[PDB]
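Reading through the structure tokens given below for one structure.
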Amino acid sequence: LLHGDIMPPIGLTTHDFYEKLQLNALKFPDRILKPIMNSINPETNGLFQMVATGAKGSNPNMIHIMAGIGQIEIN
Amino acid sequence: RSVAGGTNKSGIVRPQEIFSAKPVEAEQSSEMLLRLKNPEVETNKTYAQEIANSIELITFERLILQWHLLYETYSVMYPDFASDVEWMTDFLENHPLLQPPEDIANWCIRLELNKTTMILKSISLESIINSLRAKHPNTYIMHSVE
Amino acid sequence: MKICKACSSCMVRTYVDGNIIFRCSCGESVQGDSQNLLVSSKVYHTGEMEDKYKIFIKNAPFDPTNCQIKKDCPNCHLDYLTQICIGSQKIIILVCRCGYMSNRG
Amino acid sequence: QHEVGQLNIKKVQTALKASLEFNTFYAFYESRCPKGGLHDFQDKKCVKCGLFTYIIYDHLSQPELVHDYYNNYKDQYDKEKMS
Ligand SMILES: [Zn+2]
Ligand SMILES: [Zn+2]
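Protein chains in written order, with this note's numbering: chain A, 558 to 632; chain B, 2 to 147; chain C, 131 to 235; chain D, -18 to 64.
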């Protein structure tokens, strides 16, 4: 953006294209689970057992609790 | 869900549109799905992007920076644009079969084209000239040297 | 607009004779060709023009809440510059209190 | 992943610069024609002078000729846009 290299496609302004690029860049990768499961004993971890068996919680809940919340998206 | 214009799906906007039988002009998240009329070329992403950018609505107003209507005929001139007669005579020289007609009246618009929008939308001056000339019957249009 | 010379009032245009005939409520007429052939005006990209941010861009180097970057000013050789981002096209302008501006602005 | 630090930083940076320039040039002209006005099926420079060069950029030669023979138009359009 600073060097004037961001060229929006036909249909988006530079602001909208930049926001879309930033939103895509700040999504957590799939390998964020690797540090979480390296620290978790799945046969013993109560939180992981509740999340994985479907009793309560999901993967995003565990990621937010342990690794990071990430980008706050509103609308 | 998105809240911006043209894709307003936040809250009950879409369900109220459905249940209230709101007209087309009252819909804030209208969408359409179009299939190419060629089963064997639907595979080409470049062709699909070409068609999608071709059917995207672009108006004259989208490409206007500012416009000024004038009470001047041609065959006097607002002082702020007295320098326009240079490219005006250049247009007269470069378009022999586009001389001003003998029903030219006083009223005339002078519009400044937005070059940034023209570049971003891949809009050419010839596209404007032909989309306004073979569109408007009682008119005489002139452009600068692109 | 045209201000009547006798009473300081605005006068109507009333194109009748092939030109502008400025008529006032006091009966004065000025003719007034050439300068007032512009009847209507409309700029369609207001909110993003140069004069919208002229005062802000002038005051940007002195605003302590503006973003600064570690870039050398070509004029006074300060190691930092004030960084601005105005408009829907995200125009980046680098300004300095010495008066330097990054070309655009 | 643990051996990613063994890559040369300068060579990676130069390759990323060149690839980013190519990607920007072709994403700008994926539908926009340097001649002007879309028409990006197979003719002029609106998409290609042949082959598959709109997104690959790894076949070389053909991506390079297109960029070199339409570089200054893209440069001046970038200058006009960011102003
Ligand atoms: Zn008067
Ligand atoms: Zn300075």
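Backbone N, C-alpha and C define an ideal beta-carbon position, used for all residues, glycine too.
Beta-carbon contacts of residue i that lie in its chain and below 7 Å, excluding the five residues immediately before and after
| i | result |
| --- | --- |
| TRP88(B) | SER145, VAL146 |
| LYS122(B) | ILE59 |
| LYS613(A) | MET607 |
| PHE192(C) | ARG227 |
| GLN579(A) | none |
heavy atom of ligand 1 below 6 Å from residue i C-beta
| i | result |
| --- | --- |
| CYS154(C) | yes |
| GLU158(C) | yes |
| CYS134(C) | yes |
| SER84(B) | no |
| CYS140(C) | no |
| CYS137(C) | yes |
Nearest-angstrom beta carbon gap, residue j and residue i [assumed within contact, 8 Å]
| i | j | result |
| --- | --- | --- |
| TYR72(B) | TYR145(C) | 6 Å |
| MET119(B) | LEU66(B) | 10 Å between Cβ atoms; not a contact. |
| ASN196(C) | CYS226(C) | In fact, because the Cβ distance is near 12 Å, the residues do not count as touching under 8 Å. |
| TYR183(C) | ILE222(C) | 13 Å between Cβ atoms; not a contact. |
| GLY561(A) | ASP59(D) | 6 Å |
| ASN602(A) | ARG2(B) | Actually they are not in contact, since the Cβ atoms of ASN602(A) and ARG2(B) sit about 34 Å apart, beyond 8 Å. |
Residue i at chain F interface by Cβ criterion, 7 Å
| i | result |
| --- | --- |
| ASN632(A) | Chain labels in this structure do not include chain F; the protein chains are A, B, C and D. |
Cβ-based neighbour list, residue i, same chain, cut-off 6 Å, excluding 5 preceding and 5 following
| i | result |
| --- | --- |
| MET623(A) | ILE593 |
| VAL4(B) | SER11 |
| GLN628(A) | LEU583 |
| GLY235(C) | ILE187, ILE223 |
| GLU18(B) | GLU28 |
| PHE152(C) | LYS132, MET141, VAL160, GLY162 |
Closest residue to residue i among the options (Cα-Cα distance)
| i | options | result |
| --- | --- | --- |
| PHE22(D) | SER30(B), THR74(B), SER31(B), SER55(B) | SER55(B) |
| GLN165(C) | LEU114(B), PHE82(B), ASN107(B), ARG134(B) | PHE82(B) |
| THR74(B) | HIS96(B), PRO101(B), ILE52(B) | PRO101(B) |
| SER218(C) | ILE563(A), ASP573(A), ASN618(A), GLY568(A) | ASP573(A) |
| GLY148(C) | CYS140(C), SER155(C), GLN161(C), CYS156(C) | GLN161(C) |
| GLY157(C) | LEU211(C), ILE133(C), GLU178(C), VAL169(C) | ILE133(C) |
| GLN(-18)(D) | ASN595(A), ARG588(A), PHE605(A), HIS621(A) | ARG588(A) |
| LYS62(D) | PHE9(D), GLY(-14)(D), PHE3(D), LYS(-2)(D) | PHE9(D) |
| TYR51(D) | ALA(-4)(D), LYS25(D), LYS(-2)(D) | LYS25(D) |
| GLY7(B) | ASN595(A), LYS577(A), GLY568(A), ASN602(A) | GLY568(A) |
| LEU34(B) | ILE13(B), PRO97(B), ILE52(B) | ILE52(B) |
Residue i Cβ short of 6 Å to ligand 4 heavy atom set
| i | result |
| --- | --- |
| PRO204(C) | As far as ligands go, the structure on display features ligand 1 and ligand 2 and does not contain ligand 4. |
Sequence-distant residues of the same chain with beta carbon closer than 8 Å to residue i, five excluded per side
| i | result |
| --- | --- |
| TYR54(D) | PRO15 |
| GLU43(B) | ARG36, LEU37, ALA49 |
| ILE142(B) | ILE130, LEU133, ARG134 |
| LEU46(D) | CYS30 |
| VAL169(C) | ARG143 |
| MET231(C) | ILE187, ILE223, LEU224, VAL225 |
| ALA609(A) | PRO599 |
Original post:
What residues does ligand 2 have around it, judged by CB closer than 6 Å to any heavy atom, in chain order?
Top reply: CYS203(C), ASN205(C), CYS206(C), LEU208(C), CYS226(C), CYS228(C), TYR230(C)
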